[PDB]
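In the first instance, please consider these chains from the complex; the rest will follow:
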Amino acid sequence: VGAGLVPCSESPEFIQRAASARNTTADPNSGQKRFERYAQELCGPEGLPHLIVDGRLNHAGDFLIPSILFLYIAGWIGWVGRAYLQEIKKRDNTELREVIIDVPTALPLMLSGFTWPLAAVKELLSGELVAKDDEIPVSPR
Amino acid sequence: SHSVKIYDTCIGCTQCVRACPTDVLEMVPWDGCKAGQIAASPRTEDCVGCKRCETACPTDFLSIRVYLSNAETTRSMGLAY
């Protein structure tokens, strides 16, 4: 947290901005409150805070858990999409329904993405995620 | 002018001979497949480079090709002046 960066608590220009900090929304405490919420980080001569990313508990949670949340949701959406696609093909109405979504079937697949990570891990160990270099017949060259 | 290239995949539908407006093809007698008469280029000198012919070739990896040469002339360039 070095590099010549003053704490946002005691950076004079920080509170100087905080004084007439333009309260954005329809509540008078909007601006001031957020500046109060910006005492944990450490400002600089620009008067605005920089973010440190190291796992260092000074700013660890301020970047780690959002990353993990994104991984959660991206895994969910990718998993349910792939599962839906795999399911459609066992109907022999393939491209008919490619544009007409079968809602009574599209729902439970979406609702059943609860345990995507570890299940995916299983498909990794079972090897249920990849087809074989030559079995996949998509010809290169 | 330019060079023409023939192959074996000529099924013999003869859509190319009806497509070339430049009279550079003819179906010479063959024996191999049910065609019995395969296309060929007897009159290359009037080639134009439009290559509307292979677009009329339905065969997988269309049976005719044209190797577009470099010895062009007033005929191969097609000028009325």
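Looks like it arrived, so ask away. Residues are numbered from 1 along each chain as shown, chains lettered A, B, ... in the order given.

Would you map the helices across chain A?
Assigned by DSSP state H, chain A shows helices spanning A:12-19, A:30-37, A:64-88, A:103-111, A:116-125.

Relative to residue B:67, which of those is closest?
Closest of the helices of chain A to residue B:67 is helix A:64-88, at 44.2 Å (criterion: Cβ to Cβ). Using the backbone N, CA and C atoms, a C-beta is placed for each residue, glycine as well.

would you list every one of the strands in chain B?
B:3-5, B:26-29, B:37-40, B:65-67 (DSSP state E).

sorry, back to before: residue B:33 is nearest to which of the helices of chain A?
helix A:64-88 (40.9 Å).

Buried residues in that closest one, which are they?
A:79-80, A:88 (16 or more other Cβ atoms under 10 Å in any protein chain shown).

Now do the same contact list for residue 47.
If you meant another chain, say so; for now it's chain A. Residue A:47 makes contact with A:11, A:13-14, A:16-17, according to Cβ atoms under 8 Å, 6 or more residues apart in numbering or on different chains.

please go with chain B instead
B:1-2, B:4, B:22, B:24, B:41, B:66, B:76.

Among the residues you listed, which ones are in helices?
residue B:76.

And the contacts of residue B:47, which is closest to residue A:72?
Nearest to residue A:72 out of these is residue B:66 (Cβ to Cβ; 57.7 Å).

Quickly note the distance from the closest one to residue B:18.
17 Å (Cβ to Cβ, to the nearest Å).

So for the two, which sits in the more crowded spot?
A side-by-side neighbour count of residue B:66 and residue B:18, using other Cβ atoms under 10 Å in any protein chain shown, places residue B:66 first with 19 against 11.

I figured the more buried one hits residue B:16, correct?
No - applying Cβ atoms under 8 Å as the test, residue B:66 and residue B:16 come out as separate, 10.8 Å apart.

Neighbour-wise, which one of the contacts of residue B:47 leads?
Going by other Cβ under 10 Å, residue B:24 tops the contacts of residue B:47 with 22 neighbours.

Sequence for chain C below, add it please:
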Amino acid sequence: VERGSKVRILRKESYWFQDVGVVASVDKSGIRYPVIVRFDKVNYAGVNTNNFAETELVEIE
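Below, chain C sits with the chains from the block before:
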């Protein structure tokens, strides 16, 4: 490898090389390309049907 069997292709320049199609009609005449196979994946204008010499085909199952 008979009429109605799924086989992959040995012809190199083929658009569906190594891809599996069904033997629609087993011809065996004097033509160099007897076997008529049908696919569903589309090359130029959908030539999902084609002919080969059955010395260029191998079954899967």
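
The contacts of residue B:47 again please, chain C included this time.
B:1-2, B:4, B:22, B:24, B:41, B:66, B:76.

what's the farthest-apart pair in those?
Farthest pair in the contacts of residue B:47, by Cβ to Cβ: B:41 and B:76, 13.9 Å.

Which positions in chain A make contact with chain C?
Residues of chain A lying close to chain C by Cβ under 8 Å from any Cβ of the partner chain are A:134, A:137, A:139.

before we move on, the earlier item: pipe the contacts of residue B:47 into JSON lines and attach distance to chain C per row.
Listed next are the contacts of residue B:47 as JSON lines, based on distance: Cβ to the nearest Cβ, whole Å:
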{"residue": "B:1", "distance to chain C": "27"}
{"residue": "B:2", "distance to chain C": "23"}
{"residue": "B:4", "distance to chain C": "20"}
{"residue": "B:22", "distance to chain C": "24"}
{"residue": "B:24", "distance to chain C": "23"}
{"residue": "B:41", "distance to chain C": "22"}
{"residue": "B:66", "distance to chain C": "17"}
{"residue": "B:76", "distance to chain C": "28"}
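
Filtering those residues by proximity to chain A, which remain?
Answer for the contacts of residue B:47 near chain A: none qualify (Cβ under 8 Å from any Cβ).

ok, so of these, who is nearest chain A?
Of all the contacts of residue B:47, chain A sits closest to residue B:66, with 23.6 Å by Cβ to the nearest Cβ.

Residue of chain A nearest chain B, please.
residue A:139 (13.4 Å).

scratch that, chain C
For chain C, Cβ to the nearest Cβ, closest residue to chain B: residue C:47, 4.7 Å.

That residue: how many residues sit nearby?
15.

Just list the residues touching the residue lying closest to it once chain neighbours are set aside, thanks.
With Cβ to Cβ, 6 or more residues apart in numbering or on different chains as the criterion, residue C:47 has its nearest non-adjacent residue at 4.7 Å, and that residue is residue B:60. By Cβ under 8 Å, 6+ apart, the residues touching residue B:60 are B:9, C:14-15, C:43-44, C:47, C:50.

also put chain D on there:
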Amino acid sequence: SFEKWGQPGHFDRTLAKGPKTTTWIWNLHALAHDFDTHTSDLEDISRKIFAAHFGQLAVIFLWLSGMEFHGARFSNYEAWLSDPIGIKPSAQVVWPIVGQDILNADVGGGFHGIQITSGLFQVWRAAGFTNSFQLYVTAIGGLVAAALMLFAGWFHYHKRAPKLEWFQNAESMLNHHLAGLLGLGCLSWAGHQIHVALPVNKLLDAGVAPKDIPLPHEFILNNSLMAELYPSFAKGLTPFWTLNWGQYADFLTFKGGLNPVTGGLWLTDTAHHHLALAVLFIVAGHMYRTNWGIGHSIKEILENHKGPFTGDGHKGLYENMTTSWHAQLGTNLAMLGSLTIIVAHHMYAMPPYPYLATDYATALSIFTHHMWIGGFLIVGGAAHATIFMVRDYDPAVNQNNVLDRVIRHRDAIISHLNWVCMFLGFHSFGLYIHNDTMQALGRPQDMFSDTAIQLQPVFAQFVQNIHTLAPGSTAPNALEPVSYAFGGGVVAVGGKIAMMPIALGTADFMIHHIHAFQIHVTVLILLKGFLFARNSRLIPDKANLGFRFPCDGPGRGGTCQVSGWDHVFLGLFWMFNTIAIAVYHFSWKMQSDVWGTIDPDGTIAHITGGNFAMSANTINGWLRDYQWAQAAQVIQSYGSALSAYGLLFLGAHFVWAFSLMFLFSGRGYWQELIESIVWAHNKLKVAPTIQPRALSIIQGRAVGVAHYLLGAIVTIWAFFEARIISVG
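Time to bring in chain D:
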């Protein structure tokens, strides 16, 4: 009865089966309307056109009534009523959430929102609008009429559809429309004007208690107040029964000029105008032959006009004008476009509404809007002309006619045309850059303005002059000149100019000449595609093959871009240039020596200071002395309450470069990249069944040109919008 929509491709037999690849999507949005490409029948076509017209009218009514309603409940009209100067109209109040809270366009009286520029209140300063409830009723009427005529379209298509001979009575068409539509509507609007408009206008001179001013019902049968003014307007004295019209000199007069108490002209002139037009084209539209065995046999008129150079004249032209549709489409589009641009070129010297020349914001917005639409659609008129040429013609009914006589000697025409274009082009631009070099070369005596080598457009000066002293002799019963840019006195109000005479010195010459230059080359491209549409000296199968196709192989070298709509591509690029520099010129002059402020001496202190006589002669000056002013605030024009609208000019450049990306590149490259990504996806078992395929080259060209135009026009409107906000 809802079992029918979700069956796509209902109109085409080919794309109705199924979406093999993504291509099936694209054509879905491409052939949804050209139902001439569906059958050979015509009654169906006509019925479809009727229903589509009804739908367009319905959306018209909807949007106008909704805009009213916004004007009633969220617009500071009735406060801006009492003061149209010290208040700037607005609408579309900002919604108070994160992101749009600082954008409160406060225009006095605490009314926040969005400071609009479309001058509807100006109409609402002439229509005499007091309370918003009547306006509420107006919107209700508009929307109910919309729904009504939509239902009418449904009925006239599904239950009782018209027959086929109902089409080609152009005679009754012209008669009914010309007379009944135009004359009756115009005379009705004039009657509304005289009854209500000028009365409340009178009543808007000194603060005469607007809402307290009576309602029209207080004047339907109450002639007393109507007898207050205009003594002849007791009832009317009805001297028309006695054929005497001298009594009516009260309201139905002829002034012809600026009325410095209204910010516009004298409305009585407009009323008498509308009267005269009404009866004039009523008796006009009573011309052609119809069901009473009396009139012109119009297909014989064109038969008569022939002669030595004519060949056989205008013989055989009606099969074209009625059997085919694209013809009519193209011609009417061209005419409308021209008409619209003259309208634009018209209503900045004769403001026909109250508070127009005094309101220096709505003027150029309206001007440029209409001007852009004009060209933007006349090119389409020419395109439909070409599509007629490829779709509809006849070798039999077109023997030696004035039509055929040009298609036989096209080469001379177009060669001489190219000649003219080259001549004018460098004769103007190379002259310009010559003077540029001279100024950069310490040889200033070789410049071309008044202070140097001379040239003076005497013709415009003399025509303006002979226009200056028109009244009295040419116009005895006329009081003031038609405008004040030709001649007269500098008419104004406050410290704010309304109209002064315009000066034409030296810089006018090359500007008008390059205008003509670009118009010439535009015509060149379009007409070239027109004539060389069916047969070229090398391609004799064009019409035998179509008019929308990319190329004809690498024969004869290259042949790419040999269709016609690529000709109109190039043409639309060029017309973009034309109209862009045209609006540049107009804005700069009418902000340089026409507009500014005024002192008690009538001293017009213009905005810029007459910069054409100083810099509008060399190129480097043209960038300096125009866009320095046109942007020096947009950089900082953001950052407060009535500034926060960070404009998407910074944003439009991106779409412009993204545009030009599509132009310079082929497609096979993208196809191969697509195939590689497909390989990867197939390796991870996510291969989309519908196999993606790259765009077709014509599709890519279209999206490129679309994005190009969009970015450019967005950029420029952002420019002068913020520029006017800096002064208005």
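
again for the contacts of residue B:47, chain D present now?
Applying Cβ under 8 Å, 6+ apart, the residues near residue B:47 are B:1-2, B:4, B:22, B:24, B:41, B:66, B:76.

Over to residue C:3?
Neighbouring residues of residue C:3 by Cβ under 8 Å, 6+ apart: C:23-26.

for residue C:41, same thing?
C:16, C:19, C:48.

just the helices in chain C please.
Under DSSP H, chain C gives no helices.

hang on, the earlier thing: weed out the non-buried ones from the contacts of residue C:3.
residue C:23.

Could you dump the contacts of residue C:3 into a markdown table with distance to residue C:8 added?
As requested, the contacts of residue C:3 are exported to a markdown table (distance: Cβ to Cβ, whole Å):
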| residue | distance to residue C:8 |
| --- | --- |
| C:23 | 12 |
| C:24 | 15 |
| C:25 | 18 |
| C:26 | 17 |
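
Which of the contacts of residue C:3 sits closest to residue D:454?
The nearest one, if we look at the contacts of residue C:3 relative to residue D:454 and count by Cβ to Cβ, is residue C:24, at 87.9 Å.

From residue C:47, how far out is the nearest residue to that closest one once chain neighbours are set aside?
In space, and not counting its chain neighbours, residue C:24 is closest to residue C:38: 4.4 Å by Cβ to Cβ, 6+ apart. Separation of residue C:38 from residue C:47 (Cβ to Cβ): 10 Å.

hmm, back to that, quick one: which of the contacts of residue B:47 is nearest to residue D:21?
residue B:66 (27.9 Å).

The closest one is in contact with residue B:6, isn't it?
No - shown here, residue B:66 and residue B:6 do not form a contact pair, counting by Cβ under 8 Å, at 10.3 Å.

check contacts around the residue nearest to residue D:168 when sequence neighbours are not counted.
Among residues not flanking residue D:168 along the chain, residue D:322 sits closest, at 4.6 Å (Cβ to Cβ, 6+ apart). Residue D:322 makes contacts with D:167-168, D:170, as judged by Cβ under 8 Å, 6+ apart.

With secondary structure and neighbour count added, can I get the residues you listed in CSV?
Output for the contacts of residue D:322, formatted as CSV (DSSP: H, G, I helix; E, B strand; the rest coil; neighbours: other Cβ atoms under 10 Å in any protein chain shown):
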residue, secondary structure, neighbour count
D:167, coil, 14
D:168, coil, 12
D:170, helix, 14
